[PDB]
Amino acid sequence: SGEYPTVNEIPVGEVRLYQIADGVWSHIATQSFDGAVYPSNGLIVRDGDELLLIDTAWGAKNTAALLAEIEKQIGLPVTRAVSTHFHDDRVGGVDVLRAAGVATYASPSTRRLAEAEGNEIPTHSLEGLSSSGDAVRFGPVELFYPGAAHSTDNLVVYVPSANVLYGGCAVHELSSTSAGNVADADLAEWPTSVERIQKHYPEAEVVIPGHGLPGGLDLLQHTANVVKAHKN
Ligand SMILES: C[C@@H](c1cccc2c(-c3cncc(O)c3)c(C(=O)O)[nH]c12)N1C[C@]2(C[C@@H](CN)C2)OC1=O
Ligand SMILES: [Zn+2]
Ligand SMILES: [Zn+2]
């Protein structure tokens, strides 16, 4: 009833949307992994009379439910999707999208990693993102490669019309006590990558993590802090 939806509030298989700003929503879904349940976020950005999707809803059935929820709540067609790294919370559901008419995109690095590890593979490669600090425009967003953090391929997304920074899994929520799933992370480079985000997007008003509650710019410093302490 208006609060940001949380893990125990979303059964696995259902999806909820949350209005972030004019023409910007997050999507929230839940999934089981190694016997625990987790929430995860993505983004939806209005692109005229179409929608740009950022990240899947962590699985094929969740992603079908996402498309249904978008049709219910927004009623504009999703035409393109970008996955912000190669893990299943970002690409699981790409096959569903691709069969529903959505053109799917990711960096070449993400595509290679997804292929190598047996995850679903976005169709189209996003060039111009291979060096830290690179940025490219993609419809109503800017895509930015900050350097290795949660993963070596992680991208962040900025919505300039609304000053919304979607950090994906490179950014943690304020309640986080740990650096999350660090299996593929670079804990040594992560603070430097966060510093690049902080420098590039000083006017961000909302910061959205890959999992958990949005907040303001403090999510970036908090992330750097928890990562440094995890490493320590
Ligand atoms: C699908 C994703 C994943 C699964 C389960 C939980 C998380 C979390 C997470 C968030 N918050 C708190 C927390 O405890 C955990 C994140 C997060 O941090 O981005 N990601 C999660 N994968 C799986 C994998 C691939 C590797 C294969 N060897 C393991 O590394 C990942 O990042
Ligand atoms: Zn991940
Ligand atoms: Zn994640």
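Structure shown above.
Residues numbered from 1 in each chain as written, not as in the entry; some residues may be left out. Chains lettered and ligands numbered in written order. Heavy atoms only, no water.

*Asks:* Honestly, the pattern of salt bridges in this entry has me stumped. Any pointers?
*Replies:* If charged atoms from side chains of opposite charge come close, those side chains can pair. Tallied over the entire structure, the rule returns 6 salt bridges. Ionic pairing is found between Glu14 and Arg16, a salt bridge with its closest N-O pair at 3.7 Å. We note a salt bridge from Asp22 to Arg46, for which the minimum N-O separation is 2.9 Å. With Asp22 in the loop between β1 (15-21) and β2 (24-33) and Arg46 in strand β3 (residues 36-47), this pair connects stretches of sequence that are 24 residues apart. (Salt bridge = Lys/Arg side-chain N within 4 Å of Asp/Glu carboxyl O. Helix = DSSP H or I, 4+ residues; strand = E, 2+ residues; numbered from the N terminus.)

*Asks:* How should the coordination of the zinc ion (ligand 2) be read in this particular structure?
*Replies:* By definition of the ideal shapes, four donors in a tetrahedron about a metal sit 109.5 degrees apart, and six donors in an octahedron sit 90 or 180 degrees apart. Every protein donor of the zinc ion (ligand 2) is listed here as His85 (NE2), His87 (ND1) and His150 (NE2), and their distances to the metal cover 2.0 to 2.1 Å. In terms of primary sequence, the donors binding the zinc ion (ligand 2) are separated according to H-x1-H-x62-H. For the pair the zinc ion (ligand 2) and the zinc ion (ligand 3), the metal-to-metal distance amounts to 3.6 Å. A residue pair is termed long-range when its members are at least 10 positions apart, and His87 in the loop between β5 (78-82) and α2 (88-91) and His150 in the loop between β9 (141-144) and β10 (156-159) qualify at 63 residues. Accessibility classification places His87 together with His150 in one group, the buried group. (Donors = N, O, S within 2.8 Å, 3.2 Å for Na, K, Ca; no water. Buried < 20%, exposed > 50% of the residue type's maximum accessible area, 1.4 Å probe, protein only.)

*Asks:* Explain the sheet that holds β1 to me, please; I cannot follow it from the model alone.
*Replies:* Hydrogen bonding along the main chain pairs the strands of a sheet, whether they run parallel or antiparallel. One open sheet accounts for 7 strands, arranged β1-β2-β3-β4-β5-β6-β7; its pairing is mixed. Strand pairing shows two members of the sheet lacking a second neighbour, β1 and β7 (124-125), which therefore form its edges. Judged from the 4 bridges that link them, strand β4 (residues 50-54) and β5 form a sheet pairing that is parallel. Considered in β5, the bridge of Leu51 is made with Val78. Sitting on the sheet, helix α1 (residues 60-73) is in contact with β1, β2, β3, β4 and β5, with an inclination near 55° to β1. (Pairing = 2+ DSSP bridges. Contact = heavy atoms within 4.5 Å. Axes fitted to C-alpha atoms, helices over the stretch in contact; angles between N-to-C directions.)

*Asks:* Looking at this structure, I do not really get the coordination of the zinc ion (ligand 3). What am I missing?
*Replies:* For the zinc ion (ligand 3), the protein coordination sphere consists of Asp89 (OD), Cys169 (SG) and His211 (NE2), at 2.1 to 2.4 Å. Viewed at the metal, the 4 donor atoms of the zinc ion (ligand 3) are separated by angles of 82 to 161°, and the geometry they form is irregular. If you list the donors of the zinc ion (ligand 3) from N- to C-terminus, the spacing comes out as D-x79-C-x41-H. On the basis of relative accessible area, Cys169 is assigned to the buried category, the value being 4%. Judged by its relative accessible area of 29%, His211 falls in the partly exposed class. (Tetrahedral: all angles 85-135°; square planar, octahedral: opposite > 155°, others 65-115°.)

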